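Participant:
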Amino acid sequence: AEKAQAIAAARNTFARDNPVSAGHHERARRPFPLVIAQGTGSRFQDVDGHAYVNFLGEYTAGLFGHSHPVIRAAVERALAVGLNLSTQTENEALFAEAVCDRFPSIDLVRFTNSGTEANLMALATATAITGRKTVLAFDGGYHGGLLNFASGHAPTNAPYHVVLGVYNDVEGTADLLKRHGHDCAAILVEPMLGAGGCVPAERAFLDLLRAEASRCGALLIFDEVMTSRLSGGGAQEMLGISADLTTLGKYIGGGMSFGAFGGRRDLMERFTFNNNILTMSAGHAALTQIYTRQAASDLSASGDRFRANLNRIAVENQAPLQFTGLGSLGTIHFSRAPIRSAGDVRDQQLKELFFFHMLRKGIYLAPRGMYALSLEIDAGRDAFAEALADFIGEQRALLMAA
Amino acid sequence: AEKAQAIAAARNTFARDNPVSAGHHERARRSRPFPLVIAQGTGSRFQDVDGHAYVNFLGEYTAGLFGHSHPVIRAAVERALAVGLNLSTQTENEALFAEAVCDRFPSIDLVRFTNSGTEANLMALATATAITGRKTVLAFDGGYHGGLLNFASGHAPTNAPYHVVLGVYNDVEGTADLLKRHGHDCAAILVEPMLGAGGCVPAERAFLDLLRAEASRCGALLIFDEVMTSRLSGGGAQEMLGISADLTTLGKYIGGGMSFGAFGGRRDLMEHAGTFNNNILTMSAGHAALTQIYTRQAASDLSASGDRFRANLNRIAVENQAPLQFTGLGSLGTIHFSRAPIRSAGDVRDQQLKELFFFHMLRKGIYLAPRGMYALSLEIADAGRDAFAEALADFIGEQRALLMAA
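In the order they appear, the protein sequences are chains B and A. Under the authors' numbering, residues 17 to 45, 60 to 301, 314 to 388, 391 to 421, 423 to 447 are what the first sequence spells out, in order. Under the authors' numbering, residues 17 to 47, 60 to 299, 311 to 388, 391 to 447 are what the second sequence spells out, in order.
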């Protein structure tokens, strides 16, 4: 088939293009992944020396870019004053007060080494306060290595009695609550399905989740590891919803291993916690001196207009691919059907073709097609739109019809 | 009481000594005397927020093995920083790092990196339950495997909902009975070669070999958590004892002092689907530290220094006829108010003596955990050992009438 032949030609060209990534894949021991050597601003250089504009943004973790001066200088100063300090430094409280300033909902904060640990600690506190064991999750959600529900479950997930609902469907959730209301300790939900395909949550869906959690005595945990960037106080500030607990992710720690969980005092008074000097310093400098509300607003508005530009590339060529998401985070889907839950993403060869083609054009993003803008990426948007335009113009006959 | 009045006087002097740590505690209260707040560090020394310099004997609970300012590690972090933060999920550093770790622990046929030892032990347990299909996990009272993997109280309401079965440390008879009862359901036996939080209680070697025997006989895996004990040799206590675990978990110093953990072992057991750690600074710092600084010669010298030094401190106790003891292995030890031989947590059966000692040695410029833990770093030298031994000598001489009798 022309689709198979074209993806084979592009994949052979990719493999012949990047022998050093192949050698590293061999030494570390489905085409090999790209192995990146260096980075600067919105640019990434692989081990073969090819420069790319990094649209993937490290799955929203690299919001500040690879070489921001304020963060680099903060990390250098923290390094020079000493590594592996004791369990008590000023940096932790300064950082916690900055976060609470941004998320006043988080009456008490605790730091972890990852968002996975943050969600685990939140679930632990939920089960401890309520004494209940069942946790309500949603198909396609990803809260960590042992908190994955893309398959509806994972055999590696921690042995919580997880209840699985379909995203953006409050009828099924109300029925599941009728069934397990007494046993529901927590409702863990992302304001946008990150791994599920950047499926935005309908606002009524989240408001009704809050209502139901209140009425059945379960807590509401918002996994804002990804969506916390949607405003200075995240999507929860955007919608006026107050969860019992909130979890935040790695970019809050300046690009290094960090997570945070917190909220109600009575619930969180139960509280190894993360205070690494470099992480505290980088996250603090980044939040207080770089991540201004105006900078985040510019970034998310640019992301919105830029997703519009892409979808209009699709619309003009009558090709039914779409970018879905919110603000500066989107992801390409081979179907043009409106996506409400995981069941709606119901062909990876077109996505692979797109990924390889934009790589050949110098555009870097996830093979699943997710893009997360960083502060450094109008010229980058123009180049990205022109690259997508040229690729779709050339490969138009291989894509579905709108 | 003379002890109560002396500890009250020492605590009042501590509070008057460190107003800045108190101010930091107050400001942190927005989100048992107050803890010391540390400002900077250099080598084996720490300077607090009030400007006092201390010899750092606690070594950050075994994590600060390299010291606070080691040059090659600093340069590795600087170079990685300049080449760029937040690189993609695939870089060369992770494989170089994994090969060095596998060199040190060739038992770890497949390795995976995590952001913490808590995450490493959790992922190891996940792999155990997945391969075996069983739900019960055998742990030991007093063990600490992470924030949600803590068993000092015999359990915690925060622990992940594994069906953990708890035995008493260094007791294979009770373990054999519990294994006879739950053998078919035991997915893993998770054990530290030394009770870290339990009070640096070394595991009897026959106890670990018999845990291996039972794991083999009933089909459970054996997870050795060497987050703390991995420093006892180039291949950890498992290399020291000739034990081959089904899984091994390693801790933060392998990642150069930053958030890092590792778990690995058998191929068939081992392995989006899971977030793995490839942080640029962590990979670079841990790699440079292991390959250029954490040599077997340096680690051997350090553990020998720890052995002779525990002898020196315990002999301060013996000469002064005081029943306090330092227990542990190599360069890791801990003070206990009793002189009774410690085999399990139940043998630690008064915290005011430890608090008095801690505050007095602080006044003398020696820093360690209020619980009394010491973990020497590569920077602490014979002079540091001499100063610590003389400090303990003077403190026990002055506070002689307040301590128990041997």
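Here a beta-carbon is modelled for each residue, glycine too, at the ideal position from N, C-alpha and C.
Is the beta carbon of A/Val196 closer than 7 Å to that of A/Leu238?
Facilitator: Going by C-beta atoms, A/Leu238 is not nearer than 7 Å to A/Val196.
Participant: Looking only at C-alpha atoms, which of A/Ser272, A/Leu329, A/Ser261, A/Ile282 sits nearest to A/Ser339?
Facilitator: Nearest C-alpha to A/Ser339: A/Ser261.
Participant: Put B/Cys214 into one of helix, strand or coil per three-state DSSP.
Facilitator: Strand, per DSSP.
Participant: Please name the residue in B/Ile407, B/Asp76, B/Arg107 whose C-alpha comes closest to that of A/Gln118.
Facilitator: Of the listed residues, the one whose Cα sits closest to A/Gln118 is B/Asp76.
Participant: Tell me, which residues are paired with A/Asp253 by DSSP?
Facilitator: According to DSSP, A/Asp253 bridges with A/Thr277.
Participant: With distance defined between alpha-carbon atoms, name the residue in A/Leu363, A/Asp213, A/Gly171 nearest to residue 389 of chain A.
Facilitator: The structure shown gives no position for residue 389 of chain A: in chain A, residue numbering passes from 388 to 391 with nothing in between.
Participant: Taking the runs of the alpha helix (DSSP H) that are 4 residues or longer, which of them lie wholly in the segment 68 to 141 of chain A?
Facilitator: Entirely contained in the segment 68 to 141 of chain A, the alpha helix (DSSP H) runs reaching 4 residues are, in chain order, 99 to 111, 120 to 132.
Participant: Who does A/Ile407 pair with in a DSSP beta bridge?
Facilitator: Per DSSP, A/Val83.
Participant: Got a sec: is the Cβ-Cβ distance from B/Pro380 to anything in chain D below 7 Å?
Facilitator: In summary, chain D is missing from the structure at hand, where the protein chains are B and A.
Participant: Could you tell me the alpha carbon to alpha carbon distance between B/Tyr281 and A/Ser287, rounded to whole angstroms?
Facilitator: Cα-Cα distance, rounded: 15 Å.
Participant: Going along chain B in order, which residues have a C-beta closer than 9 Å to the C-beta of A/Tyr190?
Facilitator: Within chain B, the residues near A/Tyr190 are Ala188, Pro189.
Participant: Applying the criterion that 16 or more other CB atoms from any shown protein chain within 10 Å of the CB defines a buried residue, is B/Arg240 buried or exposed?
Facilitator: B/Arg240 is buried by the Cβ-count criterion.
Participant: Check for me: the beta strand (DSSP E) holding B/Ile374 runs from which residue to which?
Facilitator: Run containing B/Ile374: 371 to 375, per the beta strand (DSSP E) assignment.
Participant: Relative to the C-alpha of B/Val165, which residue among B/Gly112, B/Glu127, B/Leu207 is closest?
Facilitator: Minimum Cα distance to B/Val165 is reached at B/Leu207.
Participant: Excluding the five sequence neighbours on either side, which residues of its own chain have a C-beta within less than 6 Å of the C-beta of B/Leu138, listed in chain order?
Facilitator: Taken in chain order, the residues that qualify are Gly292, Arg295, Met298.
Participant: State the DSSP-derived secondary structure class of B/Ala290, mapped to helix, strand or coil.
Facilitator: In this structure, B/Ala290 counts as strand in the three-state DSSP scheme.
Participant: Less than 8 Å between C-beta atoms, sequence neighbours within five positions excluded: which residues of the same chain meet that for B/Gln331?
Facilitator: Result list for B/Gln331: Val100, in chain order.
Participant: Using CA atoms only, rank isn't needed, just tell me which of A/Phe62, A/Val83, A/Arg32, A/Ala20 is closest to A/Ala422.
Facilitator: Among A/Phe62, A/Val83, A/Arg32, A/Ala20, the Cα nearest to that of A/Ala422 is on A/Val83.
Participant: Counting contacts by CB-CB distance shorter than 7 Å, is residue 389 of chain B in contact with chain A?
Facilitator: Structure remark: chain B lacks residues between 388 and 391, so residue 389 of chain B is without coordinates.
Participant: Just tell me which of A/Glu242, A/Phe252, A/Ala243 has its CA closest to the CA of A/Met222.
Facilitator: Considering only alpha carbons, the answer is A/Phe252.
Participant: Could you check whether A/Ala416 and A/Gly226 sit closer than 7 Å to each other, using their CB atoms as the reference points?
Facilitator: No, the pair does not count as a contact, with Cβ atoms beyond the cut-off.
Participant: Which value, in whole angstroms, describes the spacing of the CA atoms of B/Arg354 and B/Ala434?
Facilitator: Going by the C-alpha atoms only, they are around 10 Å apart.
Participant: Which residues does DSSP pair with B/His191 in a beta bridge?
Facilitator: According to DSSP, B/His191 bridges with B/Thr164.
Participant: Within the continuous alpha helix (DSSP H) that includes B/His183, where are the two ends?
Facilitator: Run containing B/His183: none; DSSP gives neither H nor E here.
Participant: How big is the Cα-Cα spacing for A/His183 and A/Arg73?
Facilitator: Approximately 36 Å, taken between the alpha carbons.
Participant: Of all the residues that make up the segment 241 to 261 of chain A, which are near chain B by a beta-carbon distance shorter than 9 Å?
Facilitator: Per Cβ criterion, the list is empty.
Participant: Just the Cα atoms here: how many angstroms apart are B/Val255 and B/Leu278?
Facilitator: Cα to Cα, the separation comes out at about 4 Å.
Participant: Hey, would you say A/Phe400 sits closer than 7 Å to A/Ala17, going by beta carbons?
Facilitator: No, they are not a contact pair.
Participant: Answer with buried or exposed for B/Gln68, where buried requires no fewer than 16 other C-beta atoms within 10 angstroms of its C-beta.
Facilitator: It counts as buried.
Participant: Threshold first: 3 residues or longer. Then list the beta strand (DSSP E) segments lying entirely within the segment 223 to 267 of chain A, N to C.
Facilitator: Within the segment 223 to 267 of chain A, the complete beta strand (DSSP E) runs of at least 3 residues are 249 to 253.
Participant: Evaluate contact between the segment 264 to 272 of chain A and the segment 321 to 330 of chain A, counting only Cβ atoms and requiring at least three cross-stretch pairs below 8 Å.
Facilitator: Not touching, per the Cβ criterion.
Participant: In its own chain, which residues sit with a C-beta less than 7 Å from the C-beta of A/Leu93, not counting the 5 before and 5 after it?
Facilitator: Around A/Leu93: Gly87, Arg259, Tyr281, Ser418, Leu419.
Participant: Evaluate B/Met151 with the Cβ neighbour count: other Cβ atoms within 10 Å of its Cβ, from every protein chain shown; 16 or more gives buried, anything less gives exposed.
Facilitator: Counting Cβ neighbours within 10 Å, B/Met151 comes out buried, since at least 16 surround it.
Participant: Drop a sphere of 10 angstroms on the beta-carbon of A/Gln392, count the other beta-carbons inside from all chains shown, and report buried for 16 or more, exposed for fewer.
Facilitator: A/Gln392 is exposed by the Cβ-count criterion.
Participant: Kindly indicate the opening and closing residues of the beta strand (DSSP E) around B/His173.
Facilitator: Counting along the chain, the beta strand (DSSP E) containing B/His173 begins and ends at 172 to 174.
Participant: Chain A beta carbons: is any one of them nearer than 7 Å to that of B/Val357?
Facilitator: So no, B/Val357 is outside the interface.
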